[PDB]
Every structure is written in C-alpha cells, then in structure tokens.
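As provided, structure.txt (compact mmCIF, C-alpha atoms) reads as follows.
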```txt
# COMPACT_ATOMS: atom_id res chain seq x y z
CA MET A 1 0.00 0.00 0.00
CA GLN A 2 1.20 3.56 -0.63
CA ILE A 3 1.59 5.96 2.28
CA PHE A 4 2.87 9.56 2.34
CA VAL A 5 5.50 10.92 4.75
CA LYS A 6 5.37 14.75 5.02
CA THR A 7 8.56 16.40 6.28
CA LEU A 8 8.91 19.87 7.87
CA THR A 9 10.49 21.31 4.71
CA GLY A 10 7.44 20.73 2.57
CA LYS A 11 8.80 17.65 0.86
CA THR A 12 6.49 14.63 0.87
CA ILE A 13 7.95 11.18 0.26
CA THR A 14 5.87 8.24 -0.92
CA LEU A 15 6.65 4.79 0.45
CA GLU A 16 5.33 1.33 -0.40
CA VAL A 17 4.57 -0.58 2.75
CA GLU A 18 2.41 -3.31 4.23
CA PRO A 19 0.36 -2.88 7.41
CA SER A 20 2.36 -5.75 8.87
CA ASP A 21 5.57 -3.73 8.67
CA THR A 22 7.05 -2.48 11.90
CA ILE A 23 7.79 1.18 12.55
CA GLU A 24 11.51 0.27 12.66
CA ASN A 25 11.19 -1.03 9.08
CA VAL A 26 9.43 2.09 7.90
CA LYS A 27 12.26 4.20 9.34
CA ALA A 28 14.79 2.02 7.48
CA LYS A 29 12.91 2.55 4.18
CA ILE A 30 13.01 6.32 4.79
CA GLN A 31 16.77 6.13 5.50
CA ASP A 32 17.28 4.11 2.33
CA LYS A 33 15.41 6.65 0.20
CA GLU A 34 16.24 10.05 1.73
CA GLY A 35 19.25 9.26 3.88
CA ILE A 36 17.89 10.32 7.24
CA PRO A 37 19.28 8.16 10.09
CA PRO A 38 16.51 6.31 11.94
CA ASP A 39 17.67 7.72 15.29
CA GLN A 40 16.77 11.22 14.09
CA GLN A 41 13.26 10.28 12.94
CA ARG A 42 10.10 10.95 14.97
CA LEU A 43 6.98 9.66 13.14
CA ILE A 44 3.57 11.11 14.01
CA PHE A 45 0.11 9.84 13.00
CA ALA A 46 -3.22 10.96 14.44
CA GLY A 47 -1.35 12.79 17.16
CA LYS A 48 0.51 9.74 18.46
CA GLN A 49 4.31 9.27 18.20
CA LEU A 50 4.85 5.87 16.53
CA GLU A 51 6.97 3.32 18.45
CA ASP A 52 9.56 1.13 16.67
CA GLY A 53 8.33 -2.35 17.69
CA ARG A 54 4.67 -1.83 16.73
CA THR A 55 3.34 -2.43 13.20
CA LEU A 56 1.38 0.04 11.03
CA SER A 57 -1.72 -2.12 11.60
CA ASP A 58 -1.42 -1.52 15.36
CA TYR A 59 -2.21 2.14 14.68
CA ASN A 60 -4.92 1.50 12.05
CA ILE A 61 -2.88 3.24 9.31
CA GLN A 62 -4.77 2.55 6.02
CA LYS A 63 -3.71 3.08 2.39
CA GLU A 64 -2.92 6.65 1.41
CA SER A 65 -2.52 7.86 4.97
CA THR A 66 0.02 10.63 5.66
CA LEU A 67 2.52 10.37 8.55
CA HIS A 68 4.42 13.45 9.73
CA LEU A 69 8.20 13.21 10.13
CA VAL A 70 9.85 15.51 12.68
CA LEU A 71 13.66 15.31 12.97
CA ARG A 72 15.30 15.20 16.39
CA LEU A 73 17.22 18.50 16.69
CA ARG A 74 15.86 20.83 14.02
CA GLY A 75 18.01 23.66 12.71
CA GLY A 76 17.39 27.41 12.65
CA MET B 1 -6.65 31.18 -11.00
CA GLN B 2 -5.31 27.63 -11.33
CA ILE B 3 -4.15 25.76 -8.24
CA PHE B 4 -2.87 22.18 -7.89
CA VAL B 5 -4.09 19.65 -5.29
CA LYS B 6 -1.58 16.81 -4.75
CA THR B 7 -3.03 13.61 -3.27
CA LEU B 8 -1.14 10.83 -1.42
CA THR B 9 -1.38 8.48 -4.42
CA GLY B 10 0.66 10.70 -6.69
CA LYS B 11 -2.30 12.07 -8.58
CA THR B 12 -2.43 15.86 -8.86
CA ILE B 13 -5.73 17.56 -9.67
CA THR B 14 -5.96 21.05 -11.13
CA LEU B 15 -8.78 23.32 -9.99
CA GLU B 16 -9.92 26.76 -11.13
CA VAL B 17 -10.61 28.95 -8.16
CA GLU B 18 -10.70 32.53 -6.95
CA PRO B 19 -8.89 33.74 -3.81
CA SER B 20 -12.30 34.81 -2.51
CA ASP B 21 -13.51 31.20 -2.45
CA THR B 22 -13.92 29.55 0.92
CA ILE B 23 -12.19 26.31 1.85
CA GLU B 24 -15.64 24.69 2.01
CA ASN B 25 -16.13 25.63 -1.65
CA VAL B 26 -12.79 24.21 -2.68
CA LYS B 27 -13.68 20.92 -0.99
CA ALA B 28 -16.97 20.85 -2.91
CA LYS B 29 -15.11 21.37 -6.23
CA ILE B 30 -12.82 18.45 -5.34
CA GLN B 31 -15.87 16.27 -4.53
CA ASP B 32 -17.47 17.26 -7.82
CA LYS B 33 -14.37 16.33 -9.82
CA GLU B 34 -12.89 13.30 -8.02
CA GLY B 35 -15.77 12.17 -5.84
CA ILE B 36 -14.12 12.47 -2.45
CA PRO B 37 -16.61 13.48 0.28
CA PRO B 38 -15.69 16.80 1.90
CA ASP B 39 -15.76 15.24 5.38
CA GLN B 40 -12.82 13.01 4.40
CA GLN B 41 -10.68 15.87 3.07
CA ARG B 42 -7.85 17.50 5.04
CA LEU B 43 -6.21 20.33 3.03
CA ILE B 44 -2.67 21.44 3.89
CA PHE B 45 -0.78 24.53 2.68
CA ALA B 46 2.48 25.88 4.08
CA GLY B 47 2.13 23.50 6.99
CA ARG B 48 -1.30 24.74 8.09
CA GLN B 49 -4.50 22.72 7.95
CA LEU B 50 -7.03 24.87 6.06
CA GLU B 51 -10.32 25.64 7.85
CA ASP B 52 -13.68 25.54 6.01
CA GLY B 53 -14.96 29.09 6.73
CA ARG B 54 -11.77 30.93 5.69
CA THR B 55 -11.04 31.96 2.08
CA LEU B 56 -7.92 31.13 0.04
CA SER B 57 -6.90 34.80 0.35
CA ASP B 58 -6.83 34.43 4.15
CA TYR B 59 -3.89 32.06 3.71
CA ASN B 60 -2.15 34.06 0.95
CA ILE B 61 -2.56 31.22 -1.58
CA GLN B 62 -1.47 32.70 -4.97
CA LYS B 63 -1.87 31.33 -8.51
CA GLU B 64 -0.21 28.01 -9.21
CA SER B 65 0.18 27.10 -5.55
CA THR B 66 -0.05 23.40 -4.58
CA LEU B 67 -2.21 22.25 -1.64
CA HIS B 68 -1.76 18.76 -0.18
CA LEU B 69 -4.85 16.59 0.32
CA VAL B 70 -4.71 13.98 3.09
CA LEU B 71 -7.80 11.74 3.49
CA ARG B 72 -7.52 9.41 6.47
CA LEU B 73 -11.28 9.30 7.23
CA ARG B 74 -11.37 7.95 10.77
CA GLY B 75 -8.88 9.08 13.40
CA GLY B 76 -6.28 6.84 15.02
CA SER C 19 3.97 26.91 38.47
CA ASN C 20 0.62 25.25 38.87
CA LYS C 21 -0.22 21.91 37.22
CA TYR C 22 -2.11 22.88 34.11
CA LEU C 23 -0.61 25.08 31.40
CA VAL C 24 -4.11 26.08 30.29
CA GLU C 25 -7.56 25.25 31.68
CA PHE C 26 -11.08 26.35 30.92
CA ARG C 27 -14.68 25.25 31.26
CA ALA C 28 -16.04 23.48 28.22
CA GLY C 29 -18.20 20.57 27.25
CA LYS C 30 -17.22 17.93 24.73
CA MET C 31 -19.10 16.26 21.93
CA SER C 32 -19.17 12.73 20.66
CA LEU C 33 -19.92 11.05 17.39
CA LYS C 34 -22.93 8.76 17.76
CA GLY C 35 -23.45 6.95 14.49
CA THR C 36 -22.74 9.68 11.99
CA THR C 37 -24.05 12.46 14.23
CA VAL C 38 -21.91 14.90 16.20
CA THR C 39 -23.74 15.24 19.50
CA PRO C 40 -22.90 17.71 22.25
CA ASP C 41 -22.34 16.06 25.59
CA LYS C 42 -24.28 18.00 28.18
CA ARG C 43 -21.84 17.49 31.04
CA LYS C 44 -19.92 20.29 32.66
CA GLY C 45 -16.29 19.79 31.71
CA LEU C 46 -12.81 21.18 31.89
CA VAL C 47 -10.41 21.28 28.97
CA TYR C 48 -6.78 21.48 30.00
CA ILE C 49 -3.23 21.13 28.79
CA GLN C 50 -0.62 19.58 31.01
CA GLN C 51 3.03 18.83 30.44
CA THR C 52 4.07 15.60 32.16
CA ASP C 53 7.57 14.91 33.48
CA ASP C 54 8.53 13.08 30.27
CA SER C 55 8.09 16.56 28.70
CA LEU C 56 5.09 15.42 26.64
CA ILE C 57 2.08 17.71 26.19
CA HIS C 58 -1.40 16.32 26.97
CA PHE C 59 -4.63 17.87 25.78
CA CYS C 60 -7.33 16.66 28.14
CA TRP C 61 -11.02 16.81 28.93
CA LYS C 62 -12.21 16.11 32.43
CA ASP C 63 -15.74 15.52 33.65
CA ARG C 64 -16.12 18.10 36.42
CA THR C 65 -18.76 16.16 38.35
CA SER C 66 -16.87 12.87 38.52
CA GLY C 67 -13.38 14.30 38.09
CA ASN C 68 -12.71 11.55 35.50
CA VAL C 69 -10.32 12.46 32.68
CA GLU C 70 -12.06 10.93 29.68
CA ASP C 71 -9.86 12.33 26.95
CA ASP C 72 -6.10 12.56 27.13
CA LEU C 73 -4.29 13.09 23.90
CA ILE C 74 -0.59 13.54 23.50
CA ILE C 75 -0.06 16.34 21.04
CA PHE C 76 3.11 17.37 19.29
CA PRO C 77 3.83 20.79 17.70
CA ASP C 78 1.90 21.33 14.46
CA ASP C 79 -0.25 18.20 14.95
CA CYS C 80 -3.36 20.30 15.39
CA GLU C 81 -5.08 23.65 15.50
CA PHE C 82 -7.80 24.82 17.86
CA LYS C 83 -10.33 27.13 16.29
CA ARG C 84 -13.81 28.60 16.54
CA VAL C 85 -16.49 26.95 14.46
CA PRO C 86 -18.01 30.15 13.04
CA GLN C 87 -21.39 29.05 11.74
CA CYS C 88 -22.75 27.79 15.09
CA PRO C 89 -25.20 30.40 16.34
CA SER C 90 -23.83 29.98 19.89
CA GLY C 91 -20.47 31.28 18.71
CA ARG C 92 -19.02 29.06 21.40
CA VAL C 93 -18.16 25.89 19.57
CA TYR C 94 -14.46 25.14 18.96
CA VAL C 95 -12.76 22.31 17.14
CA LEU C 96 -9.39 20.69 17.77
CA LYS C 97 -8.48 19.76 14.22
CA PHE C 98 -5.71 17.36 13.43
CA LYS C 99 -3.97 18.81 10.41
CA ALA C 100 -3.05 15.31 9.25
CA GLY C 101 -6.12 13.13 8.99
CA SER C 102 -9.77 14.02 9.29
CA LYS C 103 -9.66 13.85 13.05
CA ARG C 104 -11.70 16.52 14.85
CA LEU C 105 -12.74 16.94 18.45
CA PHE C 106 -15.47 19.44 19.13
CA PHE C 107 -15.91 21.42 22.33
CA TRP C 108 -18.32 24.00 23.54
CA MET C 109 -17.33 26.79 25.88
CA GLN C 110 -19.01 26.72 29.25
CA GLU C 111 -17.39 29.83 30.63
CA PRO C 112 -20.25 32.05 31.78
CA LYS C 113 -18.89 35.06 29.89
CA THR C 114 -17.79 34.80 26.28
CA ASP C 115 -15.15 37.50 26.87
CA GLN C 116 -12.28 35.02 27.30
CA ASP C 117 -13.24 32.44 24.68
CA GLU C 118 -10.82 33.77 22.11
CA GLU C 119 -8.01 34.08 24.71
CA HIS C 120 -8.53 30.42 25.80
CA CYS C 121 -8.37 29.37 22.17
CA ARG C 122 -5.20 31.43 21.69
CA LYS C 123 -3.63 29.75 24.70
CA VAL C 124 -4.49 26.24 23.44
CA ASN C 125 -2.70 26.96 20.20
CA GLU C 126 0.34 28.46 21.96
CA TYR C 127 0.89 25.59 24.33
CA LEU C 128 0.27 22.87 21.73
CA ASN C 129 2.35 24.45 18.96
CA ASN C 130 4.90 26.42 20.98
CA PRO C 131 5.70 24.62 24.23
CA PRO C 132 8.76 25.31 26.41
```
Starting from the coordinates I provided, produce the structure as structure tokens.
Amino acid sequence: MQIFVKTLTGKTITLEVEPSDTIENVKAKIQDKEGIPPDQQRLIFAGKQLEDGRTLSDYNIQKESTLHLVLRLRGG
Amino acid sequence: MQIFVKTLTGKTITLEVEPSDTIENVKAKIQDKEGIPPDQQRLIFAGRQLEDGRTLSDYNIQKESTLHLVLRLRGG
Amino acid sequence: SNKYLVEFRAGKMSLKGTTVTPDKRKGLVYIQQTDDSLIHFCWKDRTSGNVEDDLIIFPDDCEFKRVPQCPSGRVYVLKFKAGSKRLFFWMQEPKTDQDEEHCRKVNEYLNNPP
C-alpha cells in the first residue's frame, strides 16, 4: 500500500509498505530513500508518536494515509 | 486562477478557483471532480491545515500554488 | 507553576453513528506537560473528576479554532492537520469574553511549548 511521509520542509515522500511492517522497518525505508538516520526520525500519525516495535496495523494506518516526520534537533 | 491539489497516491488535480472562495467551496469542487466526500478531506498549505470558513486569500494562496490533500477518514 | 498550562470550562461532543452530539456534562479542557516533557490535551468531567480524553499532542499536529457558523459562537474544534480527526468542544465559561483568549492559549501551548 502507498503511504505519504510529510517532512517539515514541505517535501512529501511516498513509500510502499504493508500494514504488517514495523515502525523500525518504515524508518529504514526512509533512510534508504532520503538518507535520514533512523535515530533522528520521529513519526507522528493521528497525534501519536509511533513506536519502533509496533506495526502500522497496530495504529490502524490505512492506504494513502500521511505520517508526519519531525527530525530530532531541528536547525534554525 | 489555477491551483494544484496533490493527493497521497501521486495524482495531482488542477482546480480553477478565486482567492475569494472559501475552503468549504474548494472541498466541494474536489468532490465534484474526483468524488471524495468533503468530510474526508484535510487540506494542507504551508504546513497549516485549512479551515472551512476561511477563504484562500486568508492564507495568501497565490496562482499556481499546490495544496496537499490527506484523506484518512477515521482518526487513530 | 501550577499543574495545568491552560484550563477552561467546556463541554465535549461525541460522534454517535454519523451524528456529532454535544455532551451535556460540565467539563474542563486542559493542557498539562508531564515529566517526560510530553504535552497532553485533556477533557475532564467536572462532576466525577474523570479524565475521559487525554491526547498527547506534538507541535503542528493540530489547531484549535472557533467553528463560526454555530449560532452559539461558542463551539471550537481541535483539528488534526493530518487526517480528518476533529474533536469538538463548547465553551461553558459564563462570559464569552475570554473564549478567544482560551483558544489562543491552546494553540500556543500545543504548537509552541517550552
């Protein structure tokens, strides 16, 4: 399923995932495609911070959902 | 004026609007052209969620701007 | 200083079926920062003291705003900018004079915390 990850700089990245994927895996896909280290990623959906060991299904994230990515230690 | 609405599935829809239009109106134009119910639409511009009773001019949305459409009906 | 960052009297609403229904109970909306530094947007039933809603909110997750077309002029929505999620509230402060200041404070403490 396709999901969208919106970053604070107005860039949105599209990812292909399965609800069974863990949050840790999602973070690894984002590192692979945009180069951001997983330790700097904070993922937010429906006002909850997503935890690494849970799966997307745990949070009821359905196709075409948008997660927000905040980076630990933001410049400016 | 033409504006672009980018959805999470990589489809972009073009709309013809006036700055004086309300957000409610914009949502109705999107329903009319793509069939998405207004209650499922979340419109984002310059990191703000757009509110129904405001106009595009309220947000300083100028010609050829791109708004992001997130659906996510229910709320996790 | 105190416990709550922001508090004010307000009722909540709930979705029953497809219908947004005001809950008649006297309530308190408040924002509290817990010792893990997280910010909680809460609604408490004043009669029972039970906290029925407790949402952890991060900066830019949501916006609190007046719902203009309600003739009361006292309905507000906590709108999650990502997703369709909305929580409706209705001010129960006896005077309307501070409604807009309460709303302003909600936004400040959710979107610009210390």
Item to complete: Work out how far CA of residue 117 (chain C) is from CA of residue 78 (chain C), in Å to one decimal.
Response: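 Between these atoms lies a distance of 21.4 Å.
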Fill in: Counting only C-alpha atoms, chain C residues within 12 Å of chain B, as a list in words
residues 33, 36, 73, 77, 78, 79, 80, 81, 82, 83, 84, 85, 86, 87, 88, 94, 95, 96, 97, 98, 99, 100, 101, 102, 103, 104, 105 and 129 of chain C
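Residue list for chain A within 9 Å of chain B: residues 2, 3, 4, 8, 9, 10, 12, 14, 45, 46, 47, 48, 59, 60, 61, 62, 63, 64, 65 and 66 of chain A, counting only C-alpha atoms.
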Could you write out that same residue set with C-alpha atoms as a short mmCIF file (atom, residue, chain, number, x, y, z; two decimals), keeping the file's coordinate frame?
```cif
data_model
loop_
_atom_site.label_atom_id
_atom_site.label_comp_id
_atom_site.auth_asym_id
_atom_site.auth_seq_id
_atom_site.Cartn_x
_atom_site.Cartn_y
_atom_site.Cartn_z
CA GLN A 2 1.20 3.56 -0.63
CA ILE A 3 1.59 5.96 2.28
CA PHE A 4 2.87 9.56 2.34
CA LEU A 8 8.91 19.87 7.87
CA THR A 9 10.49 21.31 4.71
CA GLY A 10 7.44 20.73 2.57
CA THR A 12 6.49 14.63 0.87
CA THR A 14 5.87 8.24 -0.92
CA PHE A 45 0.11 9.84 13.00
CA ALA A 46 -3.22 10.96 14.44
CA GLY A 47 -1.35 12.79 17.16
CA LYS A 48 0.51 9.74 18.46
CA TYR A 59 -2.21 2.14 14.68
CA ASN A 60 -4.92 1.50 12.05
CA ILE A 61 -2.88 3.24 9.31
CA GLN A 62 -4.77 2.55 6.02
CA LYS A 63 -3.71 3.08 2.39
CA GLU A 64 -2.92 6.65 1.41
CA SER A 65 -2.52 7.86 4.97
CA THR A 66 0.02 10.63 5.66
#
```
Axis-aligned box for all listed atoms of region 47-58 of chain A, 6 Å per side, centre and edges in Å to one decimal, as lines of an AutoDock Vina configuration file:
```
center_x = 3.9
center_y = 5.2
center_z = 14.7
size_x = 23.3
size_y = 27.2
size_z = 19.4
```
Discussion item. What does the structure give for the distance between CA of residue 17 (chain A) and CA of residue 42 (chain A), in Å to one decimal?
Written reply: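 So the answer is 17.7 Å.
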Discussion item. Give me, as a ChimeraX atom specification, all polymer residues having an atom no more than 10 Å from residue 130 (chain C), counting all atoms listed in the file and skipping those fewer than 4 positions away in the same chain.
Written reply: /C:76-78,123-126
Hey, can you spit out that residue selection with C-alpha atoms as a compact mmCIF listing (two decimals), in the coordinates of the input?
```txt
# COMPACT_ATOMS: atom_id res chain seq x y z
CA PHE C 76 3.11 17.37 19.29
CA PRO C 77 3.83 20.79 17.70
CA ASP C 78 1.90 21.33 14.46
CA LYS C 123 -3.63 29.75 24.70
CA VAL C 124 -4.49 26.24 23.44
CA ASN C 125 -2.70 26.96 20.20
CA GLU C 126 0.34 28.46 21.96
```
Item to complete: Tell me, in Å to one decimal, how far CA of residue 120 (chain C) is from CA of residue 37 (chain C).
Response: 26.4 Å
Discussion item. Counting only C-alpha atoms, find residues at most 12 Å from (-8.2, 30.9, -0.8) (file frame) and give them as a count of residues only.
Written reply: 37
